[PDB]
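We begin with a single chain expressed as structure tokens, specifically the form deposited in one PDB entry.
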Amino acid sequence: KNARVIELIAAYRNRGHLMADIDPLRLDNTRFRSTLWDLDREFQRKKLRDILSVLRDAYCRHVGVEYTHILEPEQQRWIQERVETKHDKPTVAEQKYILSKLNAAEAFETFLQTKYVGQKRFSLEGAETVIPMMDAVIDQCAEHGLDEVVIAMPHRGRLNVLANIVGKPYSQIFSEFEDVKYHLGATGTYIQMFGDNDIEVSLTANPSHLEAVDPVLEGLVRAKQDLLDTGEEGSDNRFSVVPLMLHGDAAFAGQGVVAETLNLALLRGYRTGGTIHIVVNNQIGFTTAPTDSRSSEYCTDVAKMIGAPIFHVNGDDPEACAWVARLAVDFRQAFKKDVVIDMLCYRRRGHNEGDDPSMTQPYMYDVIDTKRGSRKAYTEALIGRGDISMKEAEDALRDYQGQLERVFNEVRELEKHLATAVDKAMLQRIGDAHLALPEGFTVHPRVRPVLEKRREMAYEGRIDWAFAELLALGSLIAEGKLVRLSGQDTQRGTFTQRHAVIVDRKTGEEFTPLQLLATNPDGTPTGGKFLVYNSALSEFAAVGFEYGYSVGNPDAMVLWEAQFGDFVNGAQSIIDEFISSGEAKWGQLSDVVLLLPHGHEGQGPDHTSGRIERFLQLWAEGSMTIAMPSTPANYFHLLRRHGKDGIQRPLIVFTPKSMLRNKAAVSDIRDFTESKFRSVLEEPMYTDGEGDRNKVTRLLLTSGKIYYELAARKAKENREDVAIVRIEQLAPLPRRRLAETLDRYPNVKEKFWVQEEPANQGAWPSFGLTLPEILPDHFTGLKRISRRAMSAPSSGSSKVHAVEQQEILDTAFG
């Protein structure tokens, strides 16, 4: 009999949530419907009736608890102890405060729908309990003495969140009203009602693309945590900046970026010490029922992927919603792990103006039409429970009216009225750092010559691309800059060229040579730091995270590296919605760098192109910098200009693969110490040699590694009649430098744009249209030499590639 009791306790803990009264609409009519002598027997000693009452109150009332899937026994025990105890009833003051938050939320929803037209799609009606729930999250974070709560959410209830959570005044919110305000960033200060603490509250910008902002929030919070010296890269483990992420039920289950972002939660390179997730589960997605939106019992089932506790709560019970919000913050503080709150509610009205929701959901909306809002329900429950008197409920209705009056009145009143060159000692210091190994450190025999060659390059020149990148990042760290670099296998490098982190052959201990540059020769810190990580196998979440990280710390140097540029299309939503367009749409600035390994080498259509043409198509004056450098020193100056220009603009770099090891693609020490970024490059025979520019009758304009192949062919046939000009900066077009360079070749009779990429790809679709328009005296008659237009970035065969590469070389010199 005592074995049956242990099985009964486990059944309530494991599956009690399936019986919990969580749906305020009670749509599922079969949810609840599908010995007595032992009830008074004792089984710590407790009677079976007392065990069953504790289990029912904890697991089968307005809170459905999912936690037995958690592999950590200490986390399961922590939830058990706090959920399976008699809870102290909230004070009348706390209850009145919860009611006053529901009064503010409904008074805001009432004014919006009444004052303006076309506001229905933004309505939080049937879900107003999310306002005292969010208030409880922020208040509990303030109680923990934390510094900031950063929110990401979709558009539903956003302005209500602006007024009743962020604390933005109505005059600012509805200043020259109308849609753009449902996507803008905001900041405020939350002051505790019953406490003496305060906390910063911010709301990040987002597109309409639901859940796309999720990794952006995490990056943004991580950047703020690194700046506050809290968390993973901090001295304290408080993670004093809390991500609060809101979601819709259909989007949370359907968008892949949710899983990608959850997968980052405990990674050393991406953890934020746990996110508080709130799903506004109104059991609908426009006209779509949950049975067409997901293959699981709950919209939050994806969170089981990382063993996050999940709390399903009845949105018509704001006390249970506030209690669960505070429990979620406490769990996050104790275990530094994500918590999901599934708030079951409803969408009172139609999705938008042209929607009578009974057309597609007659049953749900016949039930919704018999519902009285959370505010009225809570006022009626408190009255029935004897917690408040008739005068107190009447005073609360007076508070609702005064709050509705205030917003109508306040809005009425508003209606009435730089050098990048470094010294040689800097290069030598970065070279020496590669050999300044910790005591007893064992280097892998294949990594040892790379280190020794870097010391040699630092003092003797012939600096290759891989070392020039580290010279640029190392010199920024020495100057006090925080440098964050990440991507797939970025510590070692996809092409075994980087070795930013080296691994002890016997212990596996990591050593980061560039980190030595964060300390000045005298021993004082520079203020700089090198944060280098291997990312998860994600593009969408990883690019979103790095974009968010550059927003969170505008003073950081933030670089994301694609394994091959070909895989960045997995992050297209981030490129389209944030990187290329965030500045013009929201005034949100990012200095994020995308490194895209690019080049035709015969490795197939998915190991060849970063789709230059797509980034050039997205570009519009002053949105991004787009470059394809051909020399290590020009890449070094490109990165240093980007980190020191004081301008927050994304940089897109088309980086090499085989050209990393091309012996002609090396730079002299003077190119680092006495030069700057060159947007346009001429052949060294004309700038440093005995070449005669006046013999040139044919000019080849190009970008990237094909220059070396064109230069080798010119050298082989002694073609003095042909010159090769490189466009290093593809966007913005270096109009003046390009015009001044071409004027130095007066006998040119024909000009060709030469590229490896197909005719419908690379720089030709934009340069072929733009160059004759911006420089008509220089580029009227410009012709293209390239691969034929293709539906894929290249052929699948390395043999076909080699024939096509040779046809480009023969056409340019034909």
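For every residue, the number given is its place in the sequence shown, counted from 1. For the two forms, the rigid core is made up of the largest set of C-alpha atoms that agree within 1.5 Å on superposition.
Another form exists, deposited in another entry; not displayed. Remarks below refer to it.
In a core superposition between this form and the one not shown, the Cα of 407 is the only one among 466, 514, 407, 596 shifting by 2 Å or more.
Here residue 79 does not count as shifted, since its C-alpha moves by less than 2 Å between this form and the one not shown after the core is aligned.
Relative to the superposed rigid core, the position of the CA of residue 496 differs between this form and the one not shown by less than 2 Å. When the rigid core is held fixed, the Cα atom of residue 390 travels 2 angstroms or more between this form and the one not shown.
Compared with the form shown here, the Cα atoms of residue 587 and residue 120 move at least 3 Å closer together in the other entry.
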